[PDB]
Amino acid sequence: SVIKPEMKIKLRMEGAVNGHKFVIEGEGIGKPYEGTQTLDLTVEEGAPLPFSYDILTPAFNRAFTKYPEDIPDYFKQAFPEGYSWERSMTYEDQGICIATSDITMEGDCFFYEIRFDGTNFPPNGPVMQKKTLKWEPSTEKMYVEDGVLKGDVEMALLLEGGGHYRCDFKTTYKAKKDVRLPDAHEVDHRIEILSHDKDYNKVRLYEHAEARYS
């Protein structure tokens, strides 16, 4: 298959959050069939970022998902042509983010072009005050609608102090060619910043994801 057991990653993200505009570039590697990937991220414009890096990281590719043989792999089937996605992120305090990604491959390496945009984040909330610690692990409900794959997941940021900051993800996954469509299933996620420098200009990011029926 064109998706090899080990695939490299390259990405570029341009965006703006509450007016502050930025550019982040990424280099990485992962095992698509194990559902594990690691990314080395770099802020190229807009350092230091005035908002919590956590809101960006799920925007930094469901091809890195361990899929059982009995579930069609919508994402691995889309290649080499690739796929794109569109995501809305509705936070509980009316903060709101919109993101898109265009994913292709070349050789042993994925490429992403990411756009990220957010606004109406309260000036004293956790995102603008950088009071987030991590994303809790989550479960995304995948299901086919309008000939394309859709995913919904309830997300929550653990805050400094112990409380939680909840967000609603709704994503549309559009393959660039015809692929065998699966029925409803779930993807378990865990995303983690392994290491970072003081202002998060250098960040190392890890995700593990596996698909399964309910």
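Note that residue numbering follows the sequence shown and begins at 1.
In terms of unmodelled positions of the deposited sequence, the stretch from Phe60 to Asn61 in this entry skips 1 to 3 residues. Of the two segments, 122-130 and 81-89, the one listed with the higher mean B-factor is 122-130 (C-alpha atoms only). The mean C-alpha temperature factor is higher for 178-186 when 178-186 and 24-32 are set side by side. Out of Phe64, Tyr53, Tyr165, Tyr173, it is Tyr165 whose C-alpha atom has the highest B-factor in the PDB entry. When the modelled residues of the chain are ordered by their C-alpha B factor, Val2 lands in the highest third. Residue-level temperature factors show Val153 in the highest third of its chain, judged at the C-alpha atom. Annotation for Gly46: CA B-factor lies in the lowest third of the chain's modelled residues.
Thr100: CA B factor lies in the lowest third for its chain, per the PDB record.
Ranked by C-alpha B-factor against the other modelled residues of its chain, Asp108 falls in the highest third.
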